[PDB]
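Undergrad: 3D, please:
(chains A, B, C, D, E, F, G, H, I, J and K)
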Amino acid sequence: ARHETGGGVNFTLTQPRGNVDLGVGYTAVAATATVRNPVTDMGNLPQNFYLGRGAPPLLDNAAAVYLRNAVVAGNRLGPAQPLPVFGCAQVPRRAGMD
Amino acid sequence: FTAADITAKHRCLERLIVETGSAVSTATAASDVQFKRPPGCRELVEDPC
Amino acid sequence: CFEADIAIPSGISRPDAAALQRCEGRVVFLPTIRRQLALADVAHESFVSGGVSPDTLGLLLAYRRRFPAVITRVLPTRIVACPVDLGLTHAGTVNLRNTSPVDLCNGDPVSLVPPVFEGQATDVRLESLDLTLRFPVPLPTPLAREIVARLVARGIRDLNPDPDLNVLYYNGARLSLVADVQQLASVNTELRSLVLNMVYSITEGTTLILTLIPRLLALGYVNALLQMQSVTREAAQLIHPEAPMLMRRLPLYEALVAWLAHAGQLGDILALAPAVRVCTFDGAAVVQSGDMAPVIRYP
Amino acid sequence: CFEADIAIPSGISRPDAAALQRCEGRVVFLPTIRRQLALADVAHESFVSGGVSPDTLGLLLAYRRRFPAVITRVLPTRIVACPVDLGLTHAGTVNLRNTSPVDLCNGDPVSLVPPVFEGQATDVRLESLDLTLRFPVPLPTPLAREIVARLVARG
Amino acid sequence: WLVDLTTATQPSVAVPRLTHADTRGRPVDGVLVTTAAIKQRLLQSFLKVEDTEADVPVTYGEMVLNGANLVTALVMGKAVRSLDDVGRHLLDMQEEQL
Amino acid sequence: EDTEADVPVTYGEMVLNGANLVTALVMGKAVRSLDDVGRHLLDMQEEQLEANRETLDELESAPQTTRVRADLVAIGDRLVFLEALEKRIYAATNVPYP
Amino acid sequence: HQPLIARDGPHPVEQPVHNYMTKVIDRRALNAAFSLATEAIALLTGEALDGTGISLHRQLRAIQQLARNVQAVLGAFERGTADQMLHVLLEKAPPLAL
Amino acid sequence: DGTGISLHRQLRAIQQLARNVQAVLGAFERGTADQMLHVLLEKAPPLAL
Amino acid sequence: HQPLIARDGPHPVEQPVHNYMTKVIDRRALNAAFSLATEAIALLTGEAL
Amino acid sequence: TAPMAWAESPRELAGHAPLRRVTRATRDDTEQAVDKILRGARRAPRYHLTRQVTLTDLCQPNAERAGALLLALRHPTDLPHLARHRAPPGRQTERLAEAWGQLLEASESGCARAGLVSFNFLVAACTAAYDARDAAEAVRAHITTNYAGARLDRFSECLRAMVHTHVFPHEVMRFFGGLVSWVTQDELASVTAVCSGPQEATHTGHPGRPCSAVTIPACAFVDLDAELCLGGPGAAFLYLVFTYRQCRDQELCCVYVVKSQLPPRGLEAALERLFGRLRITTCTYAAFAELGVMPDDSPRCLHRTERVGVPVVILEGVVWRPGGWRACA
Amino acid sequence: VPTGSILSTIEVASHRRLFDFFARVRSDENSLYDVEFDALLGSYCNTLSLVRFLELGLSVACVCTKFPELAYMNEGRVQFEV
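TA: Residues are numbered from 1 along each chain as shown, chains lettered A, B, ... in the order given. You can find the structure just below:
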């Protein structure tokens, strides 16, 4: 197929193709062998629920927001930004880590 | 916990190997923390646990 | 057309295979335009997000994020659906199926979530492979928007209650809204979360302008022009809401940001941008409910 | 595809022409729907209103007016960009080069923004002929609408 | 009533390639089977044209078989060595089918 | 061993077989035998035989046994191909190795 | 066909069992593209509307560049085949551990 | 491809299409007669009258 | 092929369907049998002569 | 030779090929009939035709010509139900009932609905309404003598009644096409017209069948408000605007076309200007739709002959690209 | 068969599973086929019959003439003086 888009004509080659299984049983096995690298950091870091979707709070307004800013302020997790109904909890920002 | 997910699985030793490729989690490798997989994200971890 | 071929799973019951045969002409939302897709990826069990099956709002989110593709040919061990978003506009006429009102010779059908009408009606369950399909209803844009607003309007009265919105004659037809029974309790429970985002975004919008206008124009052309055309409209609404309500530039401006976003996120969800148009020829010009209708890609 | 050609004016440089080679996939705002156009109508020198360069809320109003065009290919004497506001009718899907810290996902509507990030940069200079090119930052509409709200409220 | 009986139908789709003639050789397009009782009272009061069949196609048809076949050979018989002899062996059968 | 057992230089094309749907048409030109139709069937048959005859002989003539490098390796009375293709075909495509 | 081991007792003498089995060839596409520039064609065309120009040294340098493109997109299909392969082998393969 | 099947397989679909549309010619021959009636039956007054 | 008649008017033009009419064959048995007495078995073969 | 290899089209094809590389009279007709199909077939999306059957009460294809705007008239049956709601209570919503009935009275459901209002028929109905006259009334003389002043007056009473009760002429009357070929019988018409794509490329000819020409002639020197009073060469654009009077003139209906290079997000601004009709102060007037591009600035022509001497503006080349209605304010 | 008429061929599509019979409990998936065809020649199929009009007797009532330019006309007038 040839179409004129940029600077002139453009050709697009496309080759319909198909395939089957010649095995009755399994003709191919996959293994895992080794692990290339652990993607994840792997530990020493908590859950902080003041990020995810809140809860019914402490029914004293001064109680709830004291515990909140007490826990959130120490963590590597608790978001600087207030929680928005549309969008994300917006975890805090920095420059570089380990 | 849920079991809708665990329920939503199969227990087929016939099938148990082919959804193994399917992963029982929803994150991506380009985030900072492992997040919930965004909708754009599609997935094929092998997810044993 | 760019057909994308959805792969039917392993052996399905003969009554299920006949359920799919009747699904040709139905709209599917496919998460990615990959040529080879599974059936489980399309099935309604793939709309789960927060661990729950999505409400009408959670659906309308997804309908705006994945690609609807009309089903063209259903084959045993395939489903061939041609995405609506791909290719040139006004081309790839593919047949739809009309559900409810007529779909006259034009009007740009919107595919709105199913629960707005008989809820479970259209669930189309497949027991053999243990999945299900909820096909959106193809309604015209003027009527689709009238309805979706009509129901959240009825939703709020219900929020606190002590003229029927539910008649809604469309063109010649008077389309019944209410299925009575507890369907409303099922309809109203799914619009529950859409109603709130609507109630919130209003109450949060007014109070945010009613605080801002008197906390602005008191600090040029801003003042004069504002109060000029706002005579007995904005200011009157200010005294009246401040009458039955309570009254901070720093929280003001930071709340004006968070509202301004949440607002436009609802305008995106809402307004049900048309997926397709109907342009017929050598055709009836009105597609009777349940009849395949021609349709083309852009409004 | 009603592509609009844009004639590199001349001048140019061995180093400047290598800068335009990597500008394919970026976005241009042209102040018309044309077939023949000059390179200087696209440049940031054209964004200049009477005597003054618009600020970063002024550009949004300038990008409001005129037409976004995504560069498809760049030839020795012309730049080919098809005006999305009109000539978007391609069977398959013109390439947009993501220039942003952000990441698109799939299905994200893409609205553009003047460059607005601290590490953003994005201004391009071409010394042979006096002109420059600021390319807008593509961005999901959820994020691009959060930004505009920030700039509006800050102003 | 006869000409309606005689003509209410649609001619078939066929050309037998051997047609029943009437010995002057006009072709026979019909059959009209009856009971001898009716035939009698019908022949005397009504119909009496010509008795003998100039031609009847004394044979029975034929068929040409388009060919679909699966060569399954037996190797280790000298065919083995070159199993491309299987290829030229199937293509043989097509000539024998011809 | 490390040179590949004579490895293909060729694809292995397909001989039409079993596609019949026997179909013919004539008007009766130089035709006094409806058989001329039937004999025109046998016409249409002998064309594909010469085609497969050509198609087969073409391959049997087509070049055989190109010798490629690869590492044939013995695991327990098996010669296997140890193939890691990254630096070969997935070299710098930005496409991730599967 | 399925194997039989003979036996030595009056017990059931099994009779040959033969499995006809069908599989589903899939569809794939594997498309590639290259483009030319309305300024690049006029080297190939070699004729002005005016009908004057570009003597015959125009081709030799032009088809080189065009061979560079055709050869580049014929290696996209040979590398695409290796993907289409490697994908349908592991789409269809089960781990070892399991 | 320069083969026996494609060159010779596509021609047999030309006579197929020569057959097909030669059939819709009768539509004009049959339609010609058909037209004659309507224009003759339009002229015609009832004999009674 | 089946007959058409071209007709005046834009009504959509005669849509000519051209198919291969198929059919389903049937199967009968038509069985018959015959006598062969234990006598005329010893005979015939030659057992009893 | 060199001018036809490009005109009769091989060279692009060759590049493609290289890539792969590396009763006698009736008989004559059948052979030729076949050739045409093959060539048409070998050859080969810039055209779309919509077709519909309606009556000649409103509209009327014969009066009109080769290039004309046909607007759909959705929900005739509906409207009364709509009038009761969306209209402030002191609007005497019983006005429409009679007015649509009145429009209809001037001239049931049957099997041919009356859809398809022509552009023409609006120009005459609002001719005395919008503020210009006799260039506008010349169009009204066109319709009374070809298409009835009753229906024009009845339909004008409907437009007044519609603009009265907050059911507008838009949210009715969407764009239908360019009128390729009508094929009418008696009170019936089968109208083919272009859903979208370019006009000049359709039945073509001098005229597509024997009358004359083709054009998308605005039909008014009264319509064809040509913006870009101050303009630069660019593809011109075509919109459809309804201007209204809300007691300033007693529910005025203005219907015309604007031709300037602005992408709809810029038309709302220029529509805010150029109107002193904004002093409605309920809210709303001036809806607009883009008929489609005219990807060449220059064909707007100055002429006055059609059907009577009418001001007719000829628009050379158009790519109908219809779009939706936007009026929020 | 009048001249023309496109005499056609009647093909018999017949599913033959042999070796089903014979020996072997042949077992297949279904959605499988070993189909075989044979064309039936005791007789042939008449695909289409053409009507000529003129060959009819209604052809008398008119003077049919072929005016190919009729696509290009405007008005045909036949005038009669009596």
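Undergrad: Quick check: the residue of chain A nearest chain C.
TA: Across chain A, no residue is closer to chain C than residue A:86, which sits at 4.1 Å (CB to the nearest CB). Just so you know, the C-beta spots here come from the backbone N, C-alpha and C atoms, and that holds for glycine as well.
Undergrad: was I right about that residue contacting residue C:269?
TA: No. Residue A:86 is not in contact with residue C:269 according to CB atoms under 8 Å; the separation is 9.4 Å.
Undergrad: Could I get the phi/psi values of the residue of chain B most remote from its centre?
TA: Using CA atoms, centre = their mean, the residue of chain B lying farthest from its centre is residue B:32. It sits 19.5 Å away. Phi and psi for residue B:32, reported as degrees, to the nearest 10, are phi -90, psi -60.
Undergrad: what's the closest non-adjacent residue to it?
TA: The spatially closest residue to residue B:32, leaving aside those adjacent along the chain, is residue A:91, at 7.5 Å (CB to CB, 6 or more residues apart in numbering or on different chains).
Undergrad: Would you double-check that that neighbour falls in a strand?
TA: No. Looking at residue A:91 with DSSP: H, G, I helix; E, B strand; the rest coil, it is coil, so not inside a strand.
Undergrad: What about it, how many residues nearby?
TA: The number of residues packed near residue A:91 is 17, by other CB atoms under 10 Å in any protein chain shown.
Undergrad: just the one 3 residues further on next, same as before
TA: Residue A:94 has 7 neighbours, counted by other CB under 10 Å.
Undergrad: and for stretch J:125-136, what are the contacting residues?
TA: J:123, J:137, J:139-140, J:152, J:155-156, J:159, J:220-222, J:243, J:245, J:249, J:252-256, J:311 (CB atoms under 8 Å, 6 or more residues apart in numbering or on different chains).
Undergrad: for stretch J:74-90, that is, sorry about that
TA: So stretch J:74-90 is contacted by C:104, C:107, C:169-172, C:174, J:93, J:95-97, J:100, J:109, J:113-115, J:162, J:165-167, J:172-174, J:282 (CB under 8 Å, 6+ apart).
Undergrad: Sitting in strands, which of these do you find?
TA: Among those, the ones falling in strands (DSSP state E) are C:169-170, C:174.
Undergrad: in the chain, which spans are helices?
TA: Picked chain A for this. A:61-74 (DSSP state H).
Undergrad: ah, I was thinking of chain J
TA: Counting by DSSP H, chain J has these helices, from start to end: J:2-7, J:11-21, J:24-42, J:80-84, J:94-106, J:119-125, J:137-144, J:149-164, J:267-272.
Undergrad: Reformat those helices as CSV; add distance to residue F:38.
TA: What follows is those, written out as CSV (distance: least, CB to CB, whole Å):
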stretch, distance to residue F:38
helix J:2-7, 48
helix J:11-21, 39
helix J:24-42, 26
helix J:80-84, 72
helix J:94-106, 70
helix J:119-125, 66
helix J:137-144, 70
helix J:149-164, 71
helix J:267-272, 74
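Undergrad: Make a markdown table from these and add distance to residue F:20 and mean neighbour count to it.
TA: Listed next are the helices of chain J as a markdown table, based on distance: least, CB to CB, whole Å; neighbours: other CB atoms under 10 Å in any protein chain shown:
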| stretch | distance to residue F:20 | mean neighbour count |
| --- | --- | --- |
| helix J:2-7 | 44 | 11 |
| helix J:11-21 | 30 | 13 |
| helix J:24-42 | 27 | 11 |
| helix J:80-84 | 64 | 19 |
| helix J:94-106 | 65 | 19 |
| helix J:119-125 | 60 | 27 |
| helix J:137-144 | 67 | 21 |
| helix J:149-164 | 67 | 21 |
| helix J:267-272 | 65 | 15 |
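Undergrad: how about those, which one is nearest residue B:15?
TA: Closest approach to residue B:15 among the helices of chain J (CB to CB): helix J:11-21, 44.4 Å.
Undergrad: does chain D sit close to that closest one?
TA: No. Shown here: helix J:11-21 not in contact with chain D (CB under 8 Å from any CB of the partner chain), separated by at least 16.0 Å.
Undergrad: Would you mind naming what in the stretch 151-300 of chain J lies close to chain D?
TA: J:232-235, J:261, J:263, J:265-266, J:293, J:295.
Undergrad: can we see that at 6 Å?
TA: Within the stretch 151-300 of chain J, the positions lying close to chain D (CB under 6 Å from any CB of the partner chain) are J:234-235, J:263, J:266.
Undergrad: which of those residues are buried?
TA: Neighbour counting over those (16 or more other CB atoms under 10 Å in any protein chain shown) leaves J:234-235, J:263 as the buried ones.
Undergrad: hang on, the earlier thing: same list, the ones in strands among the contacts of stretch J:74-90, but as JSON lines with neighbour count and distance to chain J please.
TA: Output for the ones in strands among the contacts of stretch J:74-90, formatted as JSON lines (neighbours: other CB atoms under 10 Å in any protein chain shown; distance: CB to the nearest CB, whole Å):
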{"residue": "C:169", "neighbour count": "16", "distance to chain J": "5"}
{"residue": "C:170", "neighbour count": "20", "distance to chain J": "7"}
{"residue": "C:174", "neighbour count": "12", "distance to chain J": "8"}
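Undergrad: got the contact list for the residue of chain K found nearest chain J?
TA: Using CB to the nearest CB, the single residue of chain K nearest to chain J is residue K:74, 4.7 Å away. Residue K:74 is in contact with residue J:210, counting by CB atoms under 6 Å, 6 or more residues apart in numbering or on different chains.
Undergrad: quick one: it and residue J:211, what's the gap?
TA: 9 Å (CB to CB, to the nearest Å).
Undergrad: likewise residue J:257?
TA: For residue J:257 relative to residue J:211 (CB to CB), the value is 24 Å.
Undergrad: Compare the two and say which one has the larger neighbour count.
TA: residue J:257 (23 against 11).
Undergrad: Many thanks, I have nothing further to ask.
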